[PDB]
Peer 1: 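This is the structure I want to talk about, given as structure tokens.
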Amino acid sequence: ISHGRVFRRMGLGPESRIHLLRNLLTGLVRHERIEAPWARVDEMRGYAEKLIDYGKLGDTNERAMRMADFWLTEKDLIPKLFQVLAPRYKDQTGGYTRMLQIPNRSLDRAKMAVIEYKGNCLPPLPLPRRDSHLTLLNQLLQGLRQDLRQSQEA
Amino acid sequence: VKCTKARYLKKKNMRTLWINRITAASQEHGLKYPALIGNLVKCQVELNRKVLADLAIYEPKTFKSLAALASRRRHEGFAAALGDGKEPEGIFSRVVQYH
Amino acid sequence: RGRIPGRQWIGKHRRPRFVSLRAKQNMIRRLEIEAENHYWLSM
Amino acid sequence: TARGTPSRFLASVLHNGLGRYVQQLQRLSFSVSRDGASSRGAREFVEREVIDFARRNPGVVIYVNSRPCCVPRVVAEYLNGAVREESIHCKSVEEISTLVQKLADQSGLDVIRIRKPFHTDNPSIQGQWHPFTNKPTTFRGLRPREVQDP
Amino acid sequence: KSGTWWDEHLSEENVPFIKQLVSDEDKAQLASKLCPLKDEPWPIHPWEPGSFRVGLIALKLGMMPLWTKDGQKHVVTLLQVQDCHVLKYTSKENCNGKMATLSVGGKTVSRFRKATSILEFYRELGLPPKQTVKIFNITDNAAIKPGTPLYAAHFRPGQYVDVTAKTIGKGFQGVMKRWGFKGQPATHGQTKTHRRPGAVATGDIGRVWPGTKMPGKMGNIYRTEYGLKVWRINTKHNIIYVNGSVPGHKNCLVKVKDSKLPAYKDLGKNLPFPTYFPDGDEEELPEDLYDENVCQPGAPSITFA
Amino acid sequence: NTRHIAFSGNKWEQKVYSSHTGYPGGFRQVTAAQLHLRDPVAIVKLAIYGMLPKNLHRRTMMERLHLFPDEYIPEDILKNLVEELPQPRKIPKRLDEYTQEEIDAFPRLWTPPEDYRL
Amino acid sequence: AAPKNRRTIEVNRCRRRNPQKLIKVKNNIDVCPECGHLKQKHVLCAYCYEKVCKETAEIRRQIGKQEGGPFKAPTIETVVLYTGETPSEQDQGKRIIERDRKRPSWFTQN
RNA sequence: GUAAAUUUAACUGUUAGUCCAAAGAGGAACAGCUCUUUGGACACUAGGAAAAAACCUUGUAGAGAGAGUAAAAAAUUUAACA
RNA sequence: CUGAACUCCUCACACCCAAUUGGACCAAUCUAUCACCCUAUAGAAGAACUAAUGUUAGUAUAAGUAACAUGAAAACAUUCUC
RNA sequence: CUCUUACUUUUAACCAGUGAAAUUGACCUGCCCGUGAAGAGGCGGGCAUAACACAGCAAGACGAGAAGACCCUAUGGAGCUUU
RNA sequence: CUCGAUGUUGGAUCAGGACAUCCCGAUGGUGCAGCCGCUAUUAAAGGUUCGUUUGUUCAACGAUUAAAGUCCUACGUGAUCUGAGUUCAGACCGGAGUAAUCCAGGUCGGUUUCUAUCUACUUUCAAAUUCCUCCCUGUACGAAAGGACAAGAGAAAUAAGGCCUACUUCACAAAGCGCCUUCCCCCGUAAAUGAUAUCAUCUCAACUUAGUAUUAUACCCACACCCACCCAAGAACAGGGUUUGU
Ligand SMILES: [K+]
Ligand SMILES: [K+]
Ligand SMILES: [K+]
Ligand SMILES: [K+]
Ligand SMILES: [K+]
Ligand SMILES: [K+]
Ligand SMILES: [K+]
Ligand SMILES: [Mg+2]
Ligand SMILES: [Mg+2]
Ligand SMILES: [Mg+2]
Ligand SMILES: [Mg+2]
Ligand SMILES: [Mg+2]
Ligand SMILES: [Mg+2]
Ligand SMILES: [Mg+2]
Ligand SMILES: [Mg+2]
Ligand SMILES: [Mg+2]
Ligand SMILES: [Mg+2]
Ligand SMILES: [Mg+2]
Ligand SMILES: [Mg+2]
Ligand SMILES: [Mg+2]
Ligand SMILES: [Mg+2]
Ligand SMILES: [Mg+2]
Ligand SMILES: [Mg+2]
Ligand SMILES: [Mg+2]
Ligand SMILES: [Mg+2]
Ligand SMILES: [Mg+2]
Ligand SMILES: [Mg+2]
Ligand SMILES: [Mg+2]
Ligand SMILES: [Mg+2]
Ligand SMILES: [Mg+2]
Ligand SMILES: [Mg+2]
Ligand SMILES: [Mg+2]
Ligand SMILES: [Mg+2]
Ligand SMILES: [Mg+2]
Ligand SMILES: [Mg+2]
Ligand SMILES: [Mg+2]
Ligand SMILES: [Mg+2]
Ligand SMILES: [Mg+2]
Ligand SMILES: [Mg+2]
Ligand SMILES: [Mg+2]
Ligand SMILES: [Mg+2]
Ligand SMILES: [Mg+2]
Ligand SMILES: [Mg+2]
Ligand SMILES: [Mg+2]
Ligand SMILES: [Mg+2]
Ligand SMILES: [Mg+2]
Ligand SMILES: [Zn+2]
């Protein structure tokens, strides 16, 4: 039974899980886009979002600095978190990352995901786009919308 | 081996089938199988069960006649048994003698 | 329930066999033939 | 065994014997070696028996072919198209006579299991039995427990 | 031949519009049923001995303690009636059973996730689809017109009810957890045998009897708790406070019915029949109904004098 | 009219129908009387089932059997009936069903004493 | 516990060819509009994703040349500028990674 | 009434036995027990006694979509009294 | 009345017992002489395999089962975790 | 131990790659009572019964493994002791 | 029957069945006043304890209990466990033997394999038993001593099925040491009216009453949105939710 168990069991145990997730997060901060097994990316995504919130507290908050020191194994990335990544999201309250499934890995057919910090300088991912508003179905619904709005104003 | 021994069962099963079919036809006329077969013999009618079963299926009017004949001979038997010898032999009870 | 000890038709305790009406008639039928044989062997 | 082989119903070729009898054997092809020992009995059959057998059956064309062969054979063909090949290897003259006569008398139909030892196209003269054959009719054909004129 | 879902082909602009449109229709349909007695109700017969009325479908909110005036603590389970409406009536003749039945449904769900046959059924009824539908055996005098809303005040404090729900699903479980088998000793030599069934049958029969207790799927089946006392009714939020615990997890749907226990037979003489009509009610009920023995939150502290 | 079958002797009390659910303790034995009140067609159905040949055709034959406890027969079944079979047992008449002609025809066999309190 | 008898091919074919064992047909395969290669509805197109990765790898190699060592991450934002382009007003104060190729059409300048 | 028998010549295999009826012995007037005797059956066919080596019917060999038979089915129901 | 491989019926007949014993045929092979799309009369012999936990080789069953393996990201440079 | 519970790792199950072993007369391989070389999935009488996977279990297949090591037999061995 | 192997004591685990009933139910008799007993008929739904020594089955003893039942199931159950005992190879004591060795003796030590092919089975879904306290009552009974039954009220234990408010182990949850719910019968006899047999007679006489359940009711019940995501659902599959598909 695993009712309400929100964390996955990966690596060699609880400590190894954190270390595995930490290495993924460190890579993400440096490169701003990485690919890894889908389950591991999904697990790390929560930590990648919260790291930005700690970065927004500022480099003068000693608690934030300790959190960043632990989670970023390469110390040149700690200035980037506080001075590059966190200012970029100054006007957002969340949704700093986007996660998309990519084709299964060749060797072991593992389910794979790409994760990136929004607003990076890298070539954009081929994001899934919704159907145009000009399609047959969307035009029939636009007519229905127009009609309802006209009947309400009357 | 089964094919060899089955030749006995084939003959046995065929005769069982004829008796079942003759029994059915006899009951349609209110006669039990032993009454029909027994009394037909007493009329010197030597039709075997294979032919009797065929007649029941394909010659139903002849079979009713045979059933009627057996029924008549059966009633003649009763009349004779009830009598003390005063009565002459039944018309259908007379046996044709050969020499 | 209702087992016969050992084999059915041998030994101390056996399955009881009963004489049917037709078994009796069969025996009597052959007794009559032998009785007549006695007669024809008397002369 | 019966289950392991085909079967057929008793039949004839063109209702043979109904208006007239027609011999079904149509052709006989013998192959008798001049020198083979196995063909010794076949050579003696060709010297005294085949000619007298042809006189009796003028509707059968007999083809005697003398050629080198290790196994002499007779091939019988029938009007219905059946072809039968029977070996006469090392058979006596009397044995061959019996075989040849048997082929003359056969219809040519397959020598397989016959389901019934009889055949008829008119099994019934008085009407084939059906469930109403011996049932009495009822006034106005009323069914059991049926209210009339309600 | 490829599968589709409701917003697969919708554009960015149309997805919010469609959500708002269908949401408003659901709310309007629910509001249109709030006056059952003004919409040609069926005959409201008086209660008679031997009469069986409809029950409710409620969601299990959780558990809460309450104390009685004698000082005793009783835990209760809160059951909230969420969009409960009568759906179908089947006559005794057509039921195929000894009694007529009334179908009740609870809790609104999305129309985009239901089968077409179900959607057309709800279209004719004029209600949004319900998550769970349950069948209540009733007497002819207790029939209610399909579409009538049902409320928590259908039940009253002091009544006893039975609650049926699916138990918590524990998946595949061993005999120890599933059946309470003792298992085997921890030490003193045991070889790879601590939680195992042991012997499952005798040697003679050379088989395993049907019904033999073995490892397998545990829970996630319907169970019924009988004779639970209704301590309190919150009419504003439509919550029923029921004694003790009920089967299932919090936020599951439960079937609430009058208790069938011999001792509680023919206690509906004073209960709403065929149901509670708040619109018909002459005097609005207070926000909370309390059983006489319950300590109300604002009552003075207990003193034993 | 399978509800109105009649057993000879004391078969109502003595004849037992045995079944087993398959579970431990599942052996069940009920008298003919108990079964009849539980299922008014069971007795006739079981009697027929046991007489049919013990082969795979039996259950097909049972599909052609239509048992009804009373005198109500569905209209469809009633419409397809062809012939009614004679009842195998002649039902004996009760003393109240005899006509006065029949009663008068049977002689009085003995003369009771005039001074006897019958 | 050993097999008490050999399993027949008739039995084995029933087990092996049971519908549960068979491969299920996929109904979520669709054509990619950008490139025309097949893709799954919920998965990014492999062809398009590979193209993006190839350009990303080239840019990352250029970033490495500018960094010229480990632990040299910049403290400012970065902008990739292709041949024939100059920094905009919004690109001032950002490390400029120059690519010796024409800007890809799918890659939109911002 | 029947057709075998002895002798001469030349050999092999069998020499670890079961039940049934009958006369007995041992045992416990136990054993599907053990030991002799007389006979049968089995270790060969087929039918019957529910299934069935040993009980009953029956043997000599093939084909038949004829026929007459053999053995062959379990019966029973109860306590008033001067 | 049913009911056998008993008996009769049409036709045919060497054609239902272990060990053992007598007899009639015979596959293929080689040789002599024939034969010459595969045979004949004889003479010979490593002369016939549904069974030895047989020998060798092939391929199944168990079974696609038991079991086995590669720390992480990345520009493949490098760095990080242990 | 009363009396067990929770969590981690391994194993496990699913996907991908690779891929053994004992075992196997043939099997279209149910249950009850009875029978029988004396303890029946296969016989008699009943009952039950569309077809086919996956995961568990160990009551039966007198389950697999080893031509019983106990016991007896063989004019079969061997070691040791000895008037 | 089995020696080309049917694993051999007691225990653990799980129990299936018989009734010749240990306890609980219903009755007859009594040298049955009552309270306790004795004996017989009926009843197998439910129940039938924990410890010290001993490998023990038993037995003895301590403390309990409504009661600590008798048996069968390959002396049930080792492809589920255990190995103290018994029953190899080491050794000691007593005894036997010239010795090698031996003993229905005692004593210390001594390897318990198996990946499940087939059969069978894996939620017989839901009516429960019992003790005690109070009361009846110091009443019926009896010379006294002693001392009930039925009815009623409550409170518990066990069993079954659930649950997490608190407590506890714990901490998005799973658990017990915690909490909640739990509903019919059962036939042995005792009596009327009344014939054979004009009294009488409870009747394998016709019949009436105690005296019975068509076990009641409950639960379950609508189903080409379904690629994908989430889940109190879950090995896989399946199931619920997405009006929560940036
Ligand atoms: K015996
Ligand atoms: K017999
Ligand atoms: K715990
Ligand atoms: K097993
Ligand atoms: K042995
Ligand atoms: K099997
Ligand atoms: K009397
Ligand atoms: Mg892992
Ligand atoms: Mg015959
Ligand atoms: Mg026996
Ligand atoms: Mg669960
Ligand atoms: Mg334990
Ligand atoms: Mg071990
Ligand atoms: Mg262990
Ligand atoms: Mg001798
Ligand atoms: Mg003969
Ligand atoms: Mg002969
Ligand atoms: Mg030859
Ligand atoms: Mg040889
Ligand atoms: Mg060979
Ligand atoms: Mg071999
Ligand atoms: Mg396997
Ligand atoms: Mg594995
Ligand atoms: Mg490993
Ligand atoms: Mg496994
Ligand atoms: Mg695999
Ligand atoms: Mg073997
Ligand atoms: Mg048996
Ligand atoms: Mg077997
Ligand atoms: Mg074995
Ligand atoms: Mg041996
Ligand atoms: Mg020697
Ligand atoms: Mg063996
Ligand atoms: Mg038990
Ligand atoms: Mg008793
Ligand atoms: Mg044992
Ligand atoms: Mg073991
Ligand atoms: Mg075992
Ligand atoms: Mg030991
Ligand atoms: Mg010594
Ligand atoms: Mg010892
Ligand atoms: Mg030691
Ligand atoms: Mg196992
Ligand atoms: Mg009292
Ligand atoms: Mg009286
Ligand atoms: Mg009187
Ligand atoms: Zn593409």
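Residue numbering restarts at 1 for every chain, and letters A, B, ... go by the order of the sequence lines.
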Peer 1: Is any side-chain N or O of B:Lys32 closer than 4.0 Å to OP1 or OP2 of I:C1?
Peer 2: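 No, no such contact exists.
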Peer 1: Does E:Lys192 get its side chain close enough to the base of K:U80, under 3.5 Å, for a donor-acceptor pair?
Peer 2: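 Side chain to base: no pair below 3.5 Å.
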Peer 1: Once you apply a heavy-atom cut-off of 4.0 Å, does E:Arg111 come out as touching a base, just sugar-phosphate, or nothing?
Peer 2: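 Base contact.
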Peer 1: Once ring-ring contact (aromatic ring centres under 6.0 Å, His included) is applied, do any residues pair with B:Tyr8, and if so which ones, sequence neighbours excluded?
Peer 2: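 Applying ring-ring contact (aromatic ring centres under 6.0 Å, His included) to B:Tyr8 gives none.
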Peer 1: Based on the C1'-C2'-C3'-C4' dihedral, does J:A58 have a north or a south sugar?
Peer 2: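 Since its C1'-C2'-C3'-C4' torsion is negative, the sugar of J:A58 is on the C2'-endo, or south, side.
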Peer 1: Pairing status of H:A10 with H:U18 is requested, where a pair means Watson-Crick or G-U wobble geometry with both distances under 3.5 Å.
Peer 2: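 So H:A10 is not base-paired to H:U18.
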Peer 1: Looking at E:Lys257, I'd like to know whether one of its side-chain N or O atoms comes within less than 4.0 Å of OP1 or OP2 on K:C219.
Peer 2: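 E:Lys257 to K:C219 OP1/OP2: side-chain N or O found under 4.0 Å.
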Peer 1: Distance check, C1' atoms only: K:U39 and K:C149, in whole angstrom units.
Peer 2: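 The same atom, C1', in both gives a distance of 22 Å.
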Peer 1: Dump every N/O contact between nucleotides 231-233 of chain K and the protein below 3.5 Å, one line per pair.
Peer 2:
residue	atom	partner	partner atom	Å
K:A232	OP1	A:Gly4	N	2.8
K:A232	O3'	A:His3	NE2	3.2
K:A232	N1	E:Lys250	O	3.4
K:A232	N1	E:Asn251	ND2	2.8
K:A233	OP1	E:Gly169	N	3.3
K:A233	OP2	A:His3	NE2	3.3
K:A233	OP2	E:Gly169	N	2.9
K:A233	OP2	E:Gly169	O	2.6

Peer 1: Could you check whether B:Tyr33 gets within reach of a base, just the sugar-phosphate, or nothing at all, counting any heavy atom under 4.0 Å?
Peer 2: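 Contact class for B:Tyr33: sugar-phosphate only.
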Peer 1: Report yes if at least one side-chain N or O of G:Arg60 is closer than 4.0 Å to OP1 or OP2 of I:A75; otherwise report no.
Peer 2: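 Yes, G:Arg60 has a side-chain N/O under 4.0 Å of OP1/OP2 on I:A75.
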Peer 1: Counting only side-chain nitrogens and oxygens, does B:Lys50 get under 4.0 Å of the OP1 or OP2 atom of H:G64?
Peer 2: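 Checking B:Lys50 against H:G64: no side-chain N or O falls below 4.0 Å of OP1 or OP2.
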Peer 1: Going by the glycosidic torsion and a 90 degree boundary from 0, is the base of K:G83 oriented syn or anti?
Peer 2: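 That one's syn.
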Peer 1: On RNA chain J, reading 5' to 3', which nucleotide is the first and which the last to sit with an atom under 4.0 Å from a heavy atom of chain C, could you check?
Peer 2: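 Listed 5' to 3', the contact boundaries are J:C33 to J:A37.
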Peer 1: Does a side chain donor of either D:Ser39 or D:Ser33 reach within less than 3.5 Å of an acceptor in the other side chain?
Peer 2: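 Looking only at side-chain atoms, D:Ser33 and D:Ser39 do not form any donor-acceptor pair under 3.5 Å.
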Peer 1: Is there a side-chain contact between C:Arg15 and the phosphate of H:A50, meaning an N or O under 4.0 Å from OP1 or OP2?
Peer 2: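 Yes, because at least one side-chain N or O of C:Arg15 sits under 4.0 Å from OP1 or OP2 of H:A50.
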Peer 1: Distance between the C1' atoms of I:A47 and I:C26, in whole angstroms?
Peer 2: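 To the nearest whole Å, 12 Å.
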Peer 1: Quick check on K:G51: from the sign of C1'-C2'-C3'-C4', north or south pucker?
Peer 2: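 Positive torsion, so north.
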Peer 1: Please determine whether I:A66 and K:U215 constitute a Watson-Crick or G-U wobble pair, defined by two donor-acceptor distances each under 3.5 Å.
Peer 2: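 No.
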Peer 1: State the sugar conformation of I:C76 as north or south, using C1'-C2'-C3'-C4' as the deciding torsion.
Peer 2: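 It is south, as the sign of the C1'-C2'-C3'-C4' dihedral turns out negative.
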Peer 1: Would you check if K:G138 and K:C102 are a Watson-Crick or G-U wobble pair, both distances kept under 3.5 Å?
Peer 2: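 No; nothing between K:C102 and K:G138 satisfies the definition, which requires both distances under 3.5 Å.
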Peer 1: Give me syn or anti for K:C75, where syn covers glycosidic angles within 90 degrees of 0.
Peer 2: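 With its glycosidic angle more than 90° from zero, K:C75 counts as anti.
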Peer 1: Quick one: OH on E:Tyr264 to OH on E:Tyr226, what's the gap to the nearest 0.5 Å?
Peer 2: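 One finds 14.0 Å between OH of E:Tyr264 and OH of E:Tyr226.
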Peer 1: Between K:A79 and K:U64, is there a Watson-Crick or G-U wobble pair with both distances below 3.5 Å?
Peer 2: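 Check failed, no canonical or wobble pair found.
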Peer 1: Provide, to the nearest angstrom, the distance between the CZ atom belonging to B:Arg7 and the P atom belonging to H:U45.
Peer 2: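 Taking CZ of B:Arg7 and P of H:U45, I get 19 Å after rounding.
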Peer 1: Tell me, with the steps shown, if A:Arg40 and A:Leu24 meet side chain to side chain contact (heavy atoms under 4.5 Å, CB included).
Peer 2: CA-CA 9 Å; A:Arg40 304 188 189 188; A:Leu24 293 176; 3.9 Å; yes
Peer 1: Examine the side chains of E:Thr101 and E:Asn137 and answer whether a donor and an acceptor come within less than 3.5 Å of each other.
Peer 2: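 E:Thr101 vs E:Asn137: no donor-acceptor pair found between side chains.
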Peer 1: For I:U81, does the base pair up with any side-chain atom of A:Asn23 as donor and acceptor (N or O, under 3.5 Å, distance only)?
Peer 2: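 There is none.
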Peer 1: Do the side chain of C:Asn26 and the base of H:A72 come within less than 3.5 angstrom through a donor-acceptor pair of N or O atoms?
Peer 2: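 Answer yes: a donor N or O sits under 3.5 Å from an acceptor.
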Peer 1: Applying the 3.5 Å rule to both hydrogen-bond distances, is there a Watson-Crick or wobble pair between K:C19 and K:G69?
Peer 2: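 So K:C19 is base-paired to K:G69.
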Peer 1: Which value, in whole Å, describes the distance between the P atoms of nucleotides H:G32 and J:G36?
Peer 2: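 Roughly 13 Å separates the two P atoms.
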Peer 1: Within the structure, does a side-chain N or O atom of E:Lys213 lie under 4.0 Å from either OP1 or OP2 of K:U123?
Peer 2: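 So the side-chain polar atoms of E:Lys213 never come under 4.0 Å of the phosphate oxygens OP1 or OP2 of K:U123.
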Peer 1: Need to verify one output field. Residue with the more 5' nearest nucleotide on RNA chain I, D:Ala37 or A:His19?
Peer 2: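 This one resolves to D:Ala37.
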Peer 1: For K:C163, what is the paired nucleotide under Watson-Crick or G-U wobble rules, both distances under 3.5 Å?
Peer 2: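 K:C163 is paired, partner K:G178.
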Peer 1: Just the dot-bracket of RNA chain J, please: which string comes out with Watson-Crick or G-U pairs under 3.5 Å, [ ] for crossing, | for another strand?
Peer 2: ................||.....|..(..[[[[[......).]]]]].......||..|||.||...................
Peer 1: Could you tell me whether A:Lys118 contacts a base, only the sugar-phosphate backbone, or nothing, with contacts defined as non-hydrogen atoms closer than 4.0 Å?
Peer 2: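 Base contact - A:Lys118 has a heavy atom under 4.0 Å of at least one base atom.
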Peer 1: Which residues pass the ring-ring contact (aromatic ring centres under 6.0 Å, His included) test with F:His20, sequence neighbours left out?
Peer 2: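 With sequence neighbours excluded, F:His20 shows a ring-ring contact (aromatic ring centres under 6.0 Å, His included) to F:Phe27, given in chain and number order.
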Peer 1: Using heavy-atom distances to pick each residue's nearest nucleotide on RNA chain J, tell me which of A:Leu12 and G:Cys14 is more 5'.
Peer 2: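 Nearer the 5' end of the strand: A:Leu12.
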Peer 1: Is there, by distance only and without an angle test, a donor paired with an acceptor across the side chain of E:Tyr226 and the base of K:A127 below 3.5 Å?
Peer 2: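 Side chain to base: no pair present.
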Peer 1: Please state the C1' separation for the pair H:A41 and H:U2 - nearest whole angstrom.
Peer 2: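 Roughly 28 Å separates the two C1' atoms.
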Peer 1: I want to check one thing: is the phosphate of H:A73, taken as OP1 and OP2, less than 4.0 Å away from some side-chain N or O of C:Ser20?
Peer 2: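 So the side-chain polar atoms of C:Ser20 do come within 4.0 Å of the phosphate oxygens OP1 or OP2 of H:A73, strictly under.
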Peer 1: Side-chain N or O of E:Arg223 less than 4.0 angstrom from OP1 or OP2 on K:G162?
Peer 2: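 Answer yes for this pair, as a side-chain N or O of E:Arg223 is under 4.0 Å from OP1 or OP2.
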Peer 1: Between K:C164, K:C121, H:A70, which one does the side chain of E:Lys60 approach most closely?
Peer 2: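 Out of K:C164, K:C121, H:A70, the nucleotide with an atom closest to E:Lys60's side chain is K:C164.
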Peer 1: Please state whether the phosphate of I:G3, meaning OP1 or OP2, lies under 4.0 angstrom from any side-chain nitrogen or oxygen of B:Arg15.
Peer 2: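 Yes.
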Peer 1: Would you say B:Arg49 places a side-chain N or O within less than 4.0 Å of OP1 or OP2 belonging to H:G68?
Peer 2: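 For H:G68, OP1 or OP2 has a side-chain N or O of B:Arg49 closer than 4.0 Å.
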Peer 1: Does K:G51 pair up with K:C149, Watson-Crick or G-U wobble, with both distances inside 3.5 Å?
Peer 2: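 Paired, no.
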Peer 1: May I ask you to verify if any side-chain N or O of G:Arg15 is less than 4.0 angstrom from the OP1 or OP2 atom of I:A62?
Peer 2: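 So the side-chain polar atoms of G:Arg15 do come within 4.0 Å of the phosphate oxygens OP1 or OP2 of I:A62, strictly under.
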Peer 1: Partners of E:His194 by side-chain contact (heavy atoms from CB on, under 4.5 Å), sequence neighbours excluded?
Peer 2: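 For E:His194, the residues satisfying side-chain contact (heavy atoms from CB on, under 4.5 Å) (neighbours in sequence not counted) are E:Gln190.
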Peer 1: Sugar of H:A52: specify north or south by the sign of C1'-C2'-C3'-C4'.
Peer 2: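 It is south, as the sign of the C1'-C2'-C3'-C4' dihedral turns out negative.
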Peer 1: Any side-chain N or O of A:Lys111 below 4.0 angstrom from OP1/OP2 of K:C229?
Peer 2: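 Affirmative; the distance criterion is met.
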Peer 1: Taking the sign of the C1'-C2'-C3'-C4' torsion, positive for north and negative for south, which way does the sugar of I:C17 pucker?
Peer 2: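 It is north, as the sign of the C1'-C2'-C3'-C4' dihedral turns out positive.
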Peer 1: Within 45° of the axis and under 6.0 Å from the centre of the six-membered ring of E:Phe181, does NZ or CZ of E:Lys213 qualify?
Peer 2: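 No, E:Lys213 does not sit over the ring of E:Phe181.
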